[PDB]
Amino acid sequence: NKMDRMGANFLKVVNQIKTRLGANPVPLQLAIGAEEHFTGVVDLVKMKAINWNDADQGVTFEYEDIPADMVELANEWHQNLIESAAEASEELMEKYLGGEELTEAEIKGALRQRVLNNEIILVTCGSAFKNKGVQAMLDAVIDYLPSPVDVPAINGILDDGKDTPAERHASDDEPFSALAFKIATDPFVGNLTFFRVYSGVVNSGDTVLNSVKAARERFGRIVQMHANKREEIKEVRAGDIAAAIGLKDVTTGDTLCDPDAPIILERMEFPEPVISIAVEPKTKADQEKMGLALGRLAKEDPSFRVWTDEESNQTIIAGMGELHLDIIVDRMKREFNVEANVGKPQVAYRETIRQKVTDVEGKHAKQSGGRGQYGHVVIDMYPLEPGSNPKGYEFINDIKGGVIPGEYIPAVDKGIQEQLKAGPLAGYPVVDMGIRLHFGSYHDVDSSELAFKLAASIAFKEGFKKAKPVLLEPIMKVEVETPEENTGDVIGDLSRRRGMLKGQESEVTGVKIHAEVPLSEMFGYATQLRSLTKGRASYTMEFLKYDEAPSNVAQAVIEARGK
Amino acid sequence: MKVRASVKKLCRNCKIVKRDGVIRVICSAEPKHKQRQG
Amino acid sequence: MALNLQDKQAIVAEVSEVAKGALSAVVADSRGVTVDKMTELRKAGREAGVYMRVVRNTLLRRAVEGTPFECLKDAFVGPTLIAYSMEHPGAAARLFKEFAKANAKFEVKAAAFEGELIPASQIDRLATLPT
Amino acid sequence: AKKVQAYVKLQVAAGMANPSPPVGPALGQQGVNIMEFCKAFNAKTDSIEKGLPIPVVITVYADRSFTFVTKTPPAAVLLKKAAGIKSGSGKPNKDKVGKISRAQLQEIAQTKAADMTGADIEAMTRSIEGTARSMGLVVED
RNA sequence: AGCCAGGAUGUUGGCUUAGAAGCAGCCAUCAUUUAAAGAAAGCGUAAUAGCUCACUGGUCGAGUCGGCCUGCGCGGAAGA
Ligand SMILES: [Mg+2]
Ligand SMILES: [Mg+2]
Ligand SMILES: [Mg+2]
Ligand SMILES: [Zn+2]
């Protein structure tokens with residue numbers, strides 16, 4: 001399109017497709033005139049010019065005489081075209097190589113065939129805004145594009161697979177089978193599932209089986225559509241696209257079919273959210289109302305996810321893009337209305353001793369005469385290293401002086417867990433820290449556990465300060481692909497961020513960059529990437545091992561509560 | 001440009017030219033090194 | 001430091017090394033590569049000898065003043081960055097061979113490697129005996 | 001068929017062949033993969049530096065293959081494993097910067113005079129002597 | 001002044017050792033290899049390439065280069 005805009009080139013664009021996407025394209029219509037003077041197009045079959053008419057909005061047109069402004073390239077590309085569609089069989093070629101031109105009809109049927117195998121792509125040119133070219137493309141949609149039965153059948157999985165589990169001839173006779181391409185949200189019924197019947201007939205009220213979800217669904221109000229507008233239809237034949245109200249379980253891409261139909265259709269693959277942000281209703285307690293909305297819209301987009309990570313109280317919204325996540329937020333303000341401001345995700349820090357070791361201890365005078373028992377422990381701190389064990393809660397039991405009561409000798413590390421479990425440094429949990437009770441004191445009458453754990457608690461507290469632990473933030477193994485021209489800038493940006501790198505690697509269609517970057521960092525990395533790479537790069541985060549960082553925030557977020 | 005009352009050579013490729021009496025610095029390396037009046 | 005007095009001295013200090021030994025060489029300044037001419041003058045210093053002066057102070061007038069006492073052909077202007085490479089055990093040794101074989105490859109160019117001949121009349125190489 | 005046109009020094013010297021992971025993705029321009037990553041260095045990376053510094057060139061030529069007359073036992077490893085003291089620059093003015101002696105010089109002279117040569121076998125020997133002596137401290141022998 | 005061009009392959013440095021790159025931090029380390037090798041010049045400096053710190057050889061026919069003192073000038077310098 002846009003052949004009515006300067007810089008317009010039919011020829012150049014064709015090459016662009018061949019040079020960049022990879023497709024080999026066969027011209028169908030060359031162009032009559034330049035961008036301002038786009039009169040119309042030249043068919044390489046009819047050998048005519050459909051100069052369209054300006055007064056009517058393209059409604060009328062005239063097939064013309066193929067003027068000499070363009071009567072010579074036409075011959076070249078018509079000749080190049082025959083050759084390619086004639087490249088469908090020697091029966092055409094034997095006559096083609098017979099020096100004789102095969103009939104256009106054999107070319108057009110040959111054309112439809114070559115498109116089916118994707119051997120060739122047919123290029124049509126027009127200007128919709130200039131109300132020209134559009135009617136012919138709609139004609140060529142008829143000429144080469146595939147009808148439902150102009151290609152082979154939908155295939156399937158049956159009972160964990162079969163020789164030909166499904167070879168469903170798309171027919172008004174075969175058993176009902178479909179796919180829900182889309183689930184959309186309608187506020188009055190609560191859903192609208194778009195389905196294409198691959199093979200079958202379904203009617204109002206017909207039950208269907210969710211092959212993927214192993215369930216029963218009744219199709220209440222099958223409707224056809226004109227975008228937003230909907231027209232109810234009693235039944236849908238195969239090869240028809242329709243929207244189904246009354247369906248409540250079908251995931252985008254889940255097959256809806258009559259019983260004994262294919263369990264799995266090929267559309268089980270979807271992209272991964274690339275941007276993450278967090279959200280808050282103005283009213284702190286509209287959080288469920290907000291929460292439900294995020295969920296509904298999450299059903300509609302398998303690419304918008306809402307997980308409220310329980311590490312922090314924050315509601316986290318993940319999406320494929322900054323617009324999406326904003327288009328996904330104004331929908332909440334507009335439908336399922338809630339007013340909400342987005343922000344930053346929280347910080348999943350941790351801590352660990354560096355190396356320091358002592359024989360630290362804790363003690364309370366639980367006796368006082370009347371109380372009757374006491375508990376006291378001498379402990380011994382060590383770290384392991386950042387990432388040597390799967391069991392971060394490492395430990396060694398030693399005690400042979402003041403050997404606390406036996407029935408809970410081994411039961412005196414799990415009660416201590418509740419310090420390694422969360423928060424000793426700035427409200428963040430501990431990894432790899434090793435505790436070692438060696439001495440202590442007790443008396444084996446009833447050495448009270450709940451008031452003996454105060455010894456353990458002050459043991460952790462005092463032990464922590466002496467041992468000088470550290471704080472290690474989350475840092476992952478990012479992997480990026482990009483064109484081999486933006487390497488300098490993408491790595492410069494990673495360098496601005498606190499990112500180390502991994503792989504001196506260059507792909508063949510690009511370059512695979514590997515980088516270790518923080519997790520609190522890279523907020524909105526995707527959009528920065530697109531900006532500096534011309535929206536032609538992908539990436540991933542692998543949640544790699546945590547690493548330490550000098551941070552003015554780790555202490556200001558606990559000095560927020562001061563002492 | 002810069003109308004500093006004291007133009008100087010900020011780089012190595014700066015030149016001092018005296019078009020119209022006005023003493024100017026013109027640098028064909030960095031255009032931020034373009035000054036007007038000595 | 002190629003001043004006038006240093007020239008008046010090094011003219012004879014470079015005539016002497018080629019007037020007591022074998023023919024010397026000369027290598028132009030067109031294109032030395034990170035490997036080819038660098039490591040080639042390396043192997044030149046290695047095999048040819050640790051006395052060759054690959055430097056060039058070969059001005060036309062300095063040559064006519066210093067070198068032309070004997071072998072006056074040096075005086076004629078030479079457009080070369082001479083890589084003066086003599087030879088120890090007789091005339092036309094490995095250094096001369098390497099220069100003559102480098103004038104066509106394995107270097108930028110060796111300026112045809114005319115060299116110094118006491119006779120100064122032999123277009124042919126010194127293999128006059130049939131042997 | 002060209003001299004290395006990919007000088008990107010992000011390779012741990014010796015150790016693992018093609019040690020990209022520690023080295024950083026900041027030298028990504030070169031197009032080496034699992035085809036050229038175990039062809040020649042994997043099979044001739046033993047008798048030069050086995051756990052020492054032997055800086056690898058970035059040679060990737062257009063013979064549709066990777067091969068060249070590789071250098072000698074690197075003096076960087078010769079003077080750092082023939083030393084005992086594995087130090088060097090950085091802390092050369094305070095304490096031992098590594099060991100370098102006439103025995104190590106003779107070793108490197110008789111060892112790395114094969115392909116990493118200069119204006120003499122003895123001249124590349126003086127090269128290794130410089131790579132051993134300019135560490136900042138040398139053993140006296 | 002104007003013109004024919006040449007800087008490592010011990011050298012991610014033996015390096016704050018995950019290099020920070022034959023010209024990031026960095027110590028210093030001609031490092032013969034020289035019409036040349038600095039482990040640092042603007043380019044990518046975190047990295048190639050193709051112009052290239054530095055340096056010189058080749059050209060080319062009379063002056064050239066910077067300072068210091070001094071005279072007289074120039075800008076700084078816009079009001080009813
Ligand atoms: Mg004044
Ligand atoms: Mg004035
Ligand atoms: Mg003014
Ligand atoms: Zn300037």
# chains A, B, ... in the order shown; residues from 1 in each chain; ligands from 1

$ residues_around --residues "residue 36 in chain E" --least-positions-apart "6" --cutoff "9 Å" --atoms "only C-alpha atoms (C1' of nucleotides)" --output "PDB file with N, CA, C and O atoms (P, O5', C5', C4', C3', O3' and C1' of nucleotides), in the first residue's frame"
ATOM      1  P     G E   6      50.627   1.865   5.084  1.00  0.00           P
ATOM      2  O5'   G E   6      52.003   1.084   5.296  1.00  0.00           O
ATOM      3  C5'   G E   6      52.257   0.351   6.488  1.00  0.00           C
ATOM      4  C4'   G E   6      53.721   0.377   6.852  1.00  0.00           C
ATOM      5  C3'   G E   6      54.026   0.232   8.340  1.00  0.00           C
ATOM      6  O3'   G E   6      54.147  -1.119   8.749  1.00  0.00           O
ATOM      7  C1'   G E   6      55.084   2.163   7.517  1.00  0.00           C
ATOM      8  P     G E   7      53.323  -1.662  10.016  1.00  0.00           P
ATOM      9  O5'   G E   7      54.086  -1.051  11.272  1.00  0.00           O
ATOM     10  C5'   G E   7      53.475  -0.056  12.075  1.00  0.00           C
ATOM     11  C4'   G E   7      53.553  -0.390  13.545  1.00  0.00           C
ATOM     12  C3'   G E   7      52.331  -1.076  14.154  1.00  0.00           C
ATOM     13  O3'   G E   7      52.285  -2.482  13.954  1.00  0.00           O
ATOM     14  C1'   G E   7      52.904   0.771  15.478  1.00  0.00           C
ATOM     15  P     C E  55      56.063  13.137  15.976  1.00  0.00           P
ATOM     16  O5'   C E  55      57.386  12.444  15.424  1.00  0.00           O
ATOM     17  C5'   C E  55      58.480  12.144  16.279  1.00  0.00           C
ATOM     18  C4'   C E  55      59.076  10.800  15.942  1.00  0.00           C
ATOM     19  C3'   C E  55      59.492  10.623  14.490  1.00  0.00           C
ATOM     20  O3'   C E  55      60.801  11.104  14.249  1.00  0.00           O
ATOM     21  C1'   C E  55      58.165   8.785  15.156  1.00  0.00           C
ATOM     22  P     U E  56      61.029  12.576  13.656  1.00  0.00           P
ATOM     23  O5'   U E  56      62.314  12.412  12.733  1.00  0.00           O
ATOM     24  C5'   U E  56      62.176  12.165  11.343  1.00  0.00           C
ATOM     25  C4'   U E  56      62.202  10.689  11.028  1.00  0.00           C
ATOM     26  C3'   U E  56      61.986  10.332   9.566  1.00  0.00           C
ATOM     27  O3'   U E  56      63.182  10.412   8.816  1.00  0.00           O
ATOM     28  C1'   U E  56      60.600   8.976  10.925  1.00  0.00           C
TER      29        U E  56
END

$ residues_near_ligand --ligand "ligand 2" --cutoff "8 Å" --atoms "only C-alpha atoms (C1' of nucleotides) and all ligand atoms" --output "PyMOL selection string"
chain E and resi 74-77

$ atom_distance --atom1 "CA of residue 73 in chain A" --atom2 "CA of residue 90 in chain A"
26.3 Å

$ interface_residues --of "chain C" --to "chain D" --cutoff "8 Å" --atoms "only C-alpha atoms" --output "JSON, numbers by chain"
{"C": [34, 35, 39, 41, 42, 43, 44, 45, 46, 47, 50]}

$ write_last_selection --atoms "N, CA and C atoms" --output "PDB file, in the first residue's frame"
ATOM      1  N   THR C  34      50.677  -6.087   9.618  1.00  0.00           N
ATOM      2  CA  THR C  34      50.865  -6.462  11.018  1.00  0.00           C
ATOM      3  C   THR C  34      51.740  -7.700  11.146  1.00  0.00           C
ATOM      4  N   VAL C  35      51.669  -8.594  10.165  1.00  0.00           N
ATOM      5  CA  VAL C  35      52.488  -9.794  10.146  1.00  0.00           C
ATOM      6  C   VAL C  35      53.597  -9.702   9.106  1.00  0.00           C
ATOM      7  N   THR C  39      57.138  -9.079  10.863  1.00  0.00           N
ATOM      8  CA  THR C  39      57.833 -10.341  11.071  1.00  0.00           C
ATOM      9  C   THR C  39      58.834 -10.651   9.959  1.00  0.00           C
ATOM     10  N   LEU C  41      60.955  -8.276   8.441  1.00  0.00           N
ATOM     11  CA  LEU C  41      62.154  -7.627   8.942  1.00  0.00           C
ATOM     12  C   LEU C  41      62.639  -8.282  10.228  1.00  0.00           C
ATOM     13  N   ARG C  42      61.742  -8.934  10.973  1.00  0.00           N
ATOM     14  CA  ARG C  42      62.167  -9.765  12.097  1.00  0.00           C
ATOM     15  C   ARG C  42      63.053 -10.916  11.626  1.00  0.00           C
ATOM     16  N   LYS C  43      62.529 -11.758  10.733  1.00  0.00           N
ATOM     17  CA  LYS C  43      63.323 -12.860  10.200  1.00  0.00           C
ATOM     18  C   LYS C  43      64.536 -12.353   9.435  1.00  0.00           C
ATOM     19  N   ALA C  44      64.454 -11.142   8.884  1.00  0.00           N
ATOM     20  CA  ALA C  44      65.620 -10.518   8.276  1.00  0.00           C
ATOM     21  C   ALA C  44      66.717 -10.315   9.308  1.00  0.00           C
ATOM     22  N   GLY C  45      66.384  -9.673  10.430  1.00  0.00           N
ATOM     23  CA  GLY C  45      67.351  -9.543  11.506  1.00  0.00           C
ATOM     24  C   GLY C  45      67.814 -10.880  12.053  1.00  0.00           C
ATOM     25  N   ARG C  46      66.949 -11.896  11.998  1.00  0.00           N
ATOM     26  CA  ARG C  46      67.273 -13.192  12.589  1.00  0.00           C
ATOM     27  C   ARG C  46      68.293 -13.947  11.749  1.00  0.00           C
ATOM     28  N   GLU C  47      67.974 -14.189  10.479  1.00  0.00           N
ATOM     29  CA  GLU C  47      68.853 -14.981   9.628  1.00  0.00           C
ATOM     30  C   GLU C  47      69.981 -14.136   9.047  1.00  0.00           C
ATOM     31  N   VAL C  50      73.010  -9.703  12.774  1.00  0.00           N
ATOM     32  CA  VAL C  50      72.691  -8.768  13.847  1.00  0.00           C
ATOM     33  C   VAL C  50      73.501  -7.490  13.673  1.00  0.00           C
TER      34      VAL C  50
END

$ residues_around --residues "range 61-68 of chain C" --least-positions-apart "4" --cutoff "9 Å" --atoms "only C-alpha atoms (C1' of nucleotides)" --output "list in words"
residues 7, 8, 9, 10, 11, 12, 13, 14, 15, 16, 19, 57, 72, 73, 74, 75, 76 and 77 of chain C

$ residues_near_ligand --ligand "ligand 4" --cutoff "6 Å" --atoms "only C-alpha atoms (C1' of nucleotides) and all ligand atoms" --output "PyMOL selection string"
chain B and resi 10-11+13-14+27+29-30+33
